[PDB]
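A.B. asks: This is the structure I have questions about; it appears just below.
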Amino acid sequence: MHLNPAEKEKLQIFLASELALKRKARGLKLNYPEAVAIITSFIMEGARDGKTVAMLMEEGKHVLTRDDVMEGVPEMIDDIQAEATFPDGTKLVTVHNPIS
Amino acid sequence: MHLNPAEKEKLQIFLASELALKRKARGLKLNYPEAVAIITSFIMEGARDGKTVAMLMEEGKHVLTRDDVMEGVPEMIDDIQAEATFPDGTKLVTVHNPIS
Amino acid sequence: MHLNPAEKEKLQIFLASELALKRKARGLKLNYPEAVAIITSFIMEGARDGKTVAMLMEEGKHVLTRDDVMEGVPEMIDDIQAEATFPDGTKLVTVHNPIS
Amino acid sequence: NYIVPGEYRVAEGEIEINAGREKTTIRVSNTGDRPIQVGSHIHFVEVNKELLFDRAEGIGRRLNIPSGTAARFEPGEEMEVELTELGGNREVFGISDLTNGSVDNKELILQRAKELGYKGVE
Amino acid sequence: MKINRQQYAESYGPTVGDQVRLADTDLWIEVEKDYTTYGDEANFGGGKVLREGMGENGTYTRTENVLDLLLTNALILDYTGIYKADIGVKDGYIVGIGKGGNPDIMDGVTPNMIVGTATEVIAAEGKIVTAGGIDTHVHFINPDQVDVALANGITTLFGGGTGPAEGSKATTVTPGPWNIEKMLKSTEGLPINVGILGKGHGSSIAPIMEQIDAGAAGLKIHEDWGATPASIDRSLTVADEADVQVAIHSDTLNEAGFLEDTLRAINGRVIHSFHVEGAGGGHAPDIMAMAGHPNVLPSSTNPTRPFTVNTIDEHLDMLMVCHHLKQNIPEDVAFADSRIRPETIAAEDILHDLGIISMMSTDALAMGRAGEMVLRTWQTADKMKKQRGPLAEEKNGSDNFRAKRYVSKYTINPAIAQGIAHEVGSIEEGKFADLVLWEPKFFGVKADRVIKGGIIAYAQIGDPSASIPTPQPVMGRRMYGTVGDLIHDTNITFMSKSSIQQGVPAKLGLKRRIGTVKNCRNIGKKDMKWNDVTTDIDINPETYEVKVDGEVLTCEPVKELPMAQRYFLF
Amino acid sequence: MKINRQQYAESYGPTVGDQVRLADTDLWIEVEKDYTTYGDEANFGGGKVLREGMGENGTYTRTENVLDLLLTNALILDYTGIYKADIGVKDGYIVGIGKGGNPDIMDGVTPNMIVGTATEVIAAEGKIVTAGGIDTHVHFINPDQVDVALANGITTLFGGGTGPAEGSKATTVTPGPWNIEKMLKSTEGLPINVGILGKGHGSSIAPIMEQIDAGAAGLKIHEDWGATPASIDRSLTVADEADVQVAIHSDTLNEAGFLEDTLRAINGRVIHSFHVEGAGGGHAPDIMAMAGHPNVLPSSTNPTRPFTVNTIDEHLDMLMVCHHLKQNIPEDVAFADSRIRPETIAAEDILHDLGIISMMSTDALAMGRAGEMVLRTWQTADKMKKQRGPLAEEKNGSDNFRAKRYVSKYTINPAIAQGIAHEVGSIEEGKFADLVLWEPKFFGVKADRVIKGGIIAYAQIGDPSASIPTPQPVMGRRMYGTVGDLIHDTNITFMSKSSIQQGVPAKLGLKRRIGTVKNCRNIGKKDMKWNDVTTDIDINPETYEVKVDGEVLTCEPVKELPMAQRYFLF
Ligand SMILES: *c1cc(O)ccc1O
Ligand SMILES: *c1cc(O)ccc1O
Ligand SMILES: *c1cc(O)ccc1O
Ligand SMILES: *c1cc(O)ccc1O
Ligand code: NI
Ligand code: NI
Ligand code: NI
Ligand code: NI
Ligand SMILES: [O-]
Ligand SMILES: [O-]
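Line by line, the protein sequences are chains AAA, AAA', AAA'', BBB, CCC and CCC'. A prime marks a further copy of an entry chain. Residue numbering for the first sequence follows the entry's author numbering, starting at 1 and increasing by one per position. Residue numbering for the second sequence follows the entry's author numbering, starting at 1 and increasing by one per position. Residue numbering for the third sequence follows the entry's author numbering, starting at 1 and increasing by one per position. Residue numbering for the fourth sequence follows the entry's author numbering, starting at 5 and increasing by one per position. Residue numbering for the fifth sequence follows the entry's author numbering, starting at 1 and increasing by one per position. Residue numbering for the sixth sequence follows the entry's author numbering, starting at 1 and increasing by one per position.
What follows is the structure in structure tokens.
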């Protein structure tokens, strides 16, 4: 596979996102690390799909809403940042105030 | 996400439990580490759901039965212990003789 | 669970294979590490199922085809090697030119 | 009773910066063709040569703006700024090498400014 | 020119009278005073104050009142106050608390807090800064425990053990000269401050004392080695000669004595009473009465902190499985029922709030959680505010008095108990620069950056392959203070005076900073900051009812805690 | 007996005239010459040539012209040529490039390249071998950054920082004697070569110079510390006395001057201009004009490399969030728009292709990617071939001229700029054996094996529990060169002449190889290999149009790059 250090670390984000999505599916309000994991994995999968940085800046604000997360979690998350390999190489995505 | 060392380690248990559940779904009798992973992940997800320590001590004895696991595995597992964050903070669950 | 170093490392292959299978399911042509992960996890799950080394040498050539992967990926993968615990203990599987 | 973790409850009132120091308003012009942004704590006489203002009125002074903020001058832009007095020992070293000592040495500062072509030595 | 207070606090952190919520608790801390000069605040970055000829002095060499590091705009939470200041560090020590910058141009600069060519900058605006936690009940069982501790803001581990040997799994003991030497060598690789306890057991002085001369920093008396009148007496005789502290886990079984017999053996000498509530160990059922005595320095361990609806079920089962007790053997059930008591656990919450229990600690990996001493201190303070109200001593609607009482329990009080408060345990000039920065939203839960000896040792930081340090995944990671030989200069090995005089560090090749244990034998309860109450504690032998000043101390368990499921992935 | 060329290349790697594709790019390199004697090629294994009495000499002791290591059948890609040779290493240095084996029986053996009893063998047949990359813009923020760098073939990190402190997060600076000493000690544990930059800020010589005497290898001038005429002047006065290099991130804000004022302060002295395009920092909008001057050694940082459809969106947002800029504050938007310019980023691609920008670098964790300097160099060369065609200087349909121009940017040119090219930066006899083996299919993406000081430090290798090393999972892993004391002998700490003369290594207990920085003050643009062009660069202040020789330099961004989604899991 030839995994480099970042590829090994970022597998953890996907795994945490899978865990969080199972918790959401059984009706739980998500906590701070669950919410971050879901939005982060969404960004990295979007890059893999070949979306633009600008599409993901927009979409990342609509992945989770206030009624998906516990009290205070929207206000704890000022942004979420992720780097992934786009068709044009690694880029940084920053999602501002992802949960309104 | 701000993962601490325990949160990183415990992602591994969930992953091993997902692996074991896929092996069980395709008809395999589970082995010792598979059985432990499934029961452990069940306990940690129960805490996340907001069950009590006493509910999980009872439920953990009914997650896998003798006919789910290979010969000798019930007698190899004297107990399974896990710590997780309950609504009232971290607690230890011990499941005694989880597989009869 | 009593995980040894190899068991911990090999959980990563299963996780990468799950990631790659989700990318394939949403219609993406797979890349080099995705393709390797899928075929590797297939081999290790085959051993767990109790298939022979010779069955897996044959089957591993039919897990992914040219139209599942990006241009050049078939020619990048000369073989895939994996060790897993068969009913008769650890064995090495080598799949030659897995993607034609 | 909605809990925002770590939130502030600030007291009433306002914070007066540079309290008790003399304030001076001056007009400043960016005569150059590239933008110039000036921080709160640069000795004002030592700014970019192409800013035209009465250089004597920048001696011993800096911008009366919140600590860590900056005034921006677009190419060709003229605007008024408010200055406050430097404090502490009222000495400046380095920056443009116009002072290298007390800010009281107005004569010497302006002679160096004029020789090096800092605009507005009057 | 005036700045609105909301905007001021967003740019520079809070100032006098402003309040800040601690994590998702009900606890509010208020800025008591501020060392700044408004308009001359220090800050670092593009077009900011700390630039050459401006807020950075370009003249002075490092020796000339210049700092190695300035923490700008810190909100300090410490036994000494809750206040706003810059913190200056030099040669790995706190040298100045006040106002940093450049006296050339700024008013109010503290004279030894010059920002110069030699100065690094950490922005602490909007952070809470505390001393590193001092955990005095550590079992050295699994080296992975060190990162767990750093992640929750602990910087000093005092205790014992050789790894997962049964003696170590039960007791905070590194026994004898050879095991002590081996663990002092191991310590060279641990990125945290350390002190080692020897076995406080023997009927002759020499086998106990040779541990102190070998490099132990104190002793542990534990019932599993025989917490007998003789072992208690010989250990305190050694401790009084050697100037080190003795910790005790007393005879739960009352085999050779009841509590009054243990106190007679102690004979008025200073002692640190571990897990004084007694679920973690001690004379059944009345050990917690120790906390009323003037010669006792009393600590709790953390799993009883605070009293929750799962506490008893979790403890009874934990005790039964760890002691190999059988639910169908009546003596085993009677023992468990005598040791795990809702009456004493509930009263323990109140004794913390009243300043009668002075310290917290973990009992890491024996009966306690390496990374939850700080966490559970604040959960306890929060539960007490909800159930008892603001303390009578509070003003302005703040919880400052409670916050100073509780921060003292895991910073300065353990350091005083152990004889190490000359080096660590508080943000004061002249002490080692062990500092923890917290985002208020994560206060007491997950540390932002842990500074050890003036260099970051541990941080919550992101992808090492990224363009910037904040992209996911953000997790706790060892920083450059832990790497190569810098681990030696950023951490202290605390040792007895006698081992230092005898040259043990040179004999073993220890390269770490060597800290001297001292001034542990002529202290008492009165020396515990904000937690100095002596009183008659009565524990009813039939009902386990706790009384203080004829008042029954009872309290309800809670179903939910802050600093819990909002934060943790598991 | 004759061998078909396809079969020859499969067995021994390519020979004269054969071409090899670099990864999944359009770039082809051609073997220019071959040192072998056909039929006497060296190879190792069962029934192979390097056996006692055959291709291995059984007579000579190690001192007698015998190698410690032979890399057989390497395709070298270097500023000195693209050619086929054996590489011989001894005492951790490259001692021979030519033909290895046994003069007893083989023709054409290079006299000091005897394979003897003492010789290890690495098979390089079918591999491309390059010098280790030299990254001269490193922020030391997160120690996990070192493996990221090794995995993409970087072997030397020059820069500064103390971990995730705000000064370090912005600037390549280890400030002052104490922080420098602490980071030199930290370096003992980092498995890569290192040089530390001090703070290039001050109005007096002594506070700057004391950093050089403490063990700094150079200085960094950064606008966040005040990139003033005084700081520039004093730093270059120090550098000229000390024989170290100065890097500059100029005054973006034009606060104390425009570019012409910075050049007047420099006064013709040598300087390394970091991120010369200016997205990473510098006089807005015209800093990139620095790259035309004969006394400037100009580097790019990597996120602008090359110009893609996501570049501007990604940079504008990155700058706004990292500077805490608000989208509704017009001065913040004007600043961002003045700094992030498609006109200068597009022209930067062409200035690389023309040899006007001489070097690449990362800006690791401040505004750049630790593991993408090599990656993005080749993506840029590939994009330029697609858009501009083969360079006029090419022959035989190969891209050899472009490949030498581009490999120079991250190997020899940074090494010359820093004063360390006597030790590192190229595959030449007499230089340290820092070598990177690449499978062509992964060239510039993932290194196969990274050799440091003649021992493998890092490798892509599989399951450590397997019968053989290739079974999954194959990932980057630290090898024996990083373990125990061998980390000292395989890596170099680069230091000033003065710190070496003053005995800093012995004072601090440094065990690493000590490299001397020298010959940095009487070089210029003309000394940059294949990248030596001086010219008048005009940047239009209204349109940001770049002209060179009256020609507007414009270029389109691309939607896709090679060395991207075929390779990476994320
Ligand atoms: C196992 C080991 C200990 O040290 C304590 C308790 C159990 O169950
Ligand atoms: C606990 C303690 C008090 O003092 C009062 C009430 C509870 O529940
Ligand atoms: C955070 C930290 C930096 O150092 C840079 C940018 C952000 O967003
Ligand atoms: C870029 C550069 C050139 O020289 C020509 C064309 C593009 O797109
Ligand atoms: Ni105990
Ligand atoms: Ni204990
Ligand atoms: Ni820069
Ligand atoms: Ni930089
Ligand atoms: O204990
Ligand atoms: O930079």
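Note that the Cβ used here is the ideal one computed from N, Cα and C, for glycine as well.
1) Give the DSSP-derived three-state secondary structure of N400/CCC' in the structure shown.
2) What distance in whole Å lies between the Cβ atoms of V445/CCC and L77/CCC, which are believed to be in contact at a cut-off of 8 Å?
3) At which residue ranges does the stretch 52 to 84 of chain CCC contain complete alpha helix (DSSP H) runs of 4 or more residues, listed in the order of the chain?
4) I want to see whether chain AAA comes within less than 9 Å of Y6/BBB, judged by CB atoms only; does it?
5) Check the Cβ-Cβ distances between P541/CCC and every residue of chain BBB, and say whether any is below 9 Å.
6) Any heavy atom of ligand 3 closer than 8 Å to the CB of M479/CCC?
7) So if I threshold CB-CB distances at 7 Å, which residues from the stretch 118 to 148 of chain CCC' count as touching chain CCC?
8) Within 9 Å of any Cβ in chain BBB, is that where the Cβ of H222/CCC' sits?
9) Checking 9 Å against the spacing of the C-beta atoms, do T301/CCC' and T311/CCC' come in under that value?
10) Check each candidate in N328/CCC', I487/CCC', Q472/CCC' and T470/CCC' and name the one with the smallest Cα separation from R478/CCC'.
11) Contact criterion: CB-CB distance below 9 Å. Does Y480/CCC meet it with respect to chain AAA?
12) So what does DSSP say about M70/AAA, is it helix, strand or coil?
13) Which two residues bound the contiguous beta strand (DSSP E) that contains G160/CCC?
14) Which residues does DSSP list as the beta-bridge partners of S299/CCC'?
15) Chain CCC beta carbons: is any one of them nearer than 9 Å to that of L120/BBB?
16) Closest by CA to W438/CCC', which one among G132/CCC', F307/CCC', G355/CCC' and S361/CCC'?
17) What are the partner residues of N34/BBB, as DSSP defines its beta bridges?
18) Under a three-way DSSP split, which group does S106/BBB fall into?
19) Let me know the secondary structure DSSP gives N112/CCC once reduced to three states.
20) From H139/CCC', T262/CCC', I451/CCC' and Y35/CCC', pick the residue whose C-alpha is nearest to that of residue 578/CCC'; which is it?
21) In or out: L253/CCC buried (at least 16 other Cβ within 10 Å) or exposed?
22) Bridge partners for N522/CCC per DSSP, in chain order?
23) Tell me which residues pass a beta-carbon proximity test against ligand 5: closer than 7 Å to any heavy atom, given in chain order.
24) Give the secondary structure of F14/AAA'' by DSSP, where H, G and I count as helix, E and B as strand, and everything else as coil.
25) State yes or no: is the C-beta of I340/CCC' nearer than 8 Å to some heavy atom of ligand 3?
26) Verify the contact flag: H323/CCC, CB atom, against every heavy atom of ligand 6, threshold strictly below 8 Å.
27) Confirm, please, whether the CB-CB distance from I221/CCC to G92/BBB is below 9 Å.
28) Listed in chain order, which residues of the stretch 19 to 51 of chain AAA'' have Cβ atoms closer than 9 Å to some Cβ of chain AAA'?
29) Measuring alpha carbon to alpha carbon, tell me which of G55/CCC', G39/CCC' and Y38/CCC' ends up nearest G46/CCC'.
30) If you drop the 5 nearest sequence neighbours on each side, which residues of the same chain put their C-beta closer than 6 Å to that of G46/AAA''?
31) Would you say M57/AAA faces chain BBB, with C-beta separation under 9 Å as the test?
32) In chain AAA', which residues lie with their C-beta within 8 Å of the C-beta of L15/AAA?
33) Compare the beta carbon distance of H201/CCC and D251/CCC with 9 Å and say whether it is the shorter of the two.
34) Counting only Cβ pairs nearer than 9 Å, list the residues of chain AAA'' close to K441/CCC'.
35) Give the DSSP bridge partners of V42/BBB, in chain order.
36) Which residue marks the beginning of the beta strand (DSSP E) containing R94/BBB, and which one marks its end?
C.D. replies: Reading off the structure:
1) Looking up residue 400/CCC' in the sixth sequence gives position 400. Helix, per DSSP.
2) In the fifth sequence, residue 77/CCC corresponds to position 77, counting from 1. In the fifth sequence, residue 445/CCC corresponds to position 445, counting from 1. Their Cβ separation, rounded to whole angstroms, is 15 Å, which puts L77/CCC and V445/CCC out of contact at 8 Å.
3) Taken in chain order, the whole alpha helix (DSSP H) runs of length 4 or more contained in the stretch 52 to 84 of chain CCC number zero.
4) Numbered from its first residue, the fourth sequence carries residue 6/BBB at position 2. Closer than 9 Å: yes.
5) What you label residue 541/CCC is simply residue 541 of the fifth sequence in a count that begins at 1. No, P541/CCC does not count as interfacial toward chain BBB.
6) Here residue 479/CCC corresponds to residue number 479 of the fifth sequence, with the count starting at 1. Because no heavy atom of ligand 3 lies under 8 Å away, the Cβ of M479/CCC does not count as near it: no.
7) So the list reads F140, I141, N142, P143, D144, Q145 and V148, given in the order they occur along the chain.
8) Working through the sixth sequence from its first residue, we reach residue 222/CCC' at position 222. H222/CCC' does not count as touching chain BBB.
9) Residue mapping note: residue 301/CCC' aligns to position 301 of the sixth sequence, counting from 1. Residue mapping note: residue 311/CCC' aligns to position 311 of the sixth sequence, counting from 1. Taking a C-beta distance under 9 Å as the contact criterion, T301/CCC' and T311/CCC' do not qualify as a contact pair.
10) For the purposes of this step, residue 478/CCC' is taken as residue 478 along the sixth sequence, with counting starting at 1. The residue with the shortest Cα to Cα distance from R478/CCC' is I487/CCC'.
11) Position 480 of the fifth sequence, counting from 1, holds the residue named residue 480/CCC. No, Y480/CCC lies away from the interface with chain AAA (no Cβ there is under 9 Å from its Cβ).
12) Position 70 of the first sequence, counted from the start, is the residue given in the question as residue 70/AAA. When DSSP states are grouped into helix, strand and coil, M70/AAA belongs to the coil group.
13) Along the fifth sequence, read from residue 1 onward, the residue named residue 160/CCC stands at position 160. Here the beta strand (DSSP E) through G160/CCC covers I154 to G160.
14) Within the sixth sequence, the letter at position 299 stands for residue 299/CCC'. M359/CCC'.
15) Locating residue 120/BBB in the fourth sequence gives position 116, where the first residue counts as 1. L120/BBB does not count as touching chain CCC.
16) By one-based count along the sixth sequence, residue 438/CCC' stands at place 438. It is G132/CCC' whose Cα lies nearest to the Cα of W438/CCC'.
17) Position 30 of the fourth sequence, counted from the start, is the residue given in the question as residue 34/BBB. Checking the DSSP bridge columns, you'll see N34/BBB partnered with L55/BBB.
18) Taking the fourth sequence and counting its residues from 1, one reaches residue 106/BBB at position 102. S106/BBB falls in the strand class under three-state DSSP.
19) What you label residue 112/CCC is simply residue 112 of the fifth sequence in a count that begins at 1. Coil at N112/CCC, not helix or strand.
20) Because chain CCC' in this structure spans residues 1 to 570, residue 578/CCC' falls outside the shown range and cannot be described.
21) Position 253 of the fifth sequence holds residue 253/CCC. Classified as exposed, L253/CCC has fewer than 16 neighbouring CB atoms from the shown chains inside 10 Å of its CB.
22) Within the fifth sequence, numbered from 1, the residue matching residue 522/CCC stands at position 522. Paired residues: none, contrary to the question.
23) Having a Cβ closer than 7 Å to some heavy atom of ligand 5 are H222/CCC, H249/CCC, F274/CCC, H275/CCC, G280/CCC, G281/CCC, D363/CCC, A366/CCC and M367/CCC.
24) The residue you call residue 14/AAA'' lines up with position 14 of the third sequence. DSSP places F14/AAA'' within a helical segment (H, G or I) once states are collapsed to three.
25) On the sixth sequence, residue 340/CCC' is found 340 positions in, with the first residue counted as 1. Result no, Cβ not under 8 Å from ligand 3.
26) Working through the fifth sequence from its first residue, we reach residue 323/CCC at position 323. Using a cutoff of 8 Å, the CB of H323/CCC does not count as near ligand 6, since none of the ligand's heavy atoms is closer than that.
27) If you number the fourth sequence from 1, residue 92/BBB lands on position 88. If you number the fifth sequence from 1, residue 221/CCC lands on position 221. For the 9 Å CB-CB criterion, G92/BBB and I221/CCC do not form a contact.
28) For the stretch 19 to 51 of chain AAA'', the beta-carbon criterion of a distance under 9 Å to any beta-carbon of chain AAA' is satisfied by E45, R48, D49 and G50.
29) The residue given as residue 46/CCC' occupies position 46 in the sixth sequence. Answer by Cα proximity: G55/CCC'.
30) Mapped onto the third sequence, residue 46/AAA'' falls at position 46. Cβ neighbours of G46/AAA'' beyond the five flanking positions: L56.
31) As a working note, residue 57/AAA is residue 57 in the first sequence. No, no contact with chain BBB.
32) As a first step, residue 15/AAA must be located in the first sequence, where it is residue number 15. Correct list: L11, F14 and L15.
33) Counting from one through the fifth sequence, the residue named residue 201/CCC turns up at place 201. Counting from one through the fifth sequence, the residue named residue 251/CCC turns up at place 251. For the 9 Å CB-CB criterion, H201/CCC and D251/CCC do not form a contact.
34) Within the sixth sequence, numbered from 1, the residue matching residue 441/CCC' stands at position 441. What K441/CCC' touches in chain AAA'': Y32, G72, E75 and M76.
35) By 1-based counting over the fourth sequence, the position of residue 42/BBB is 38. In the DSSP assignment, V42/BBB forms a beta bridge with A75/BBB.
36) Along the fourth sequence, one-based indexing puts residue 94/BBB at 90. Following the DSSP letters along the chain, one finds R94/BBB in no beta strand (DSSP E), marked with neither H nor E.
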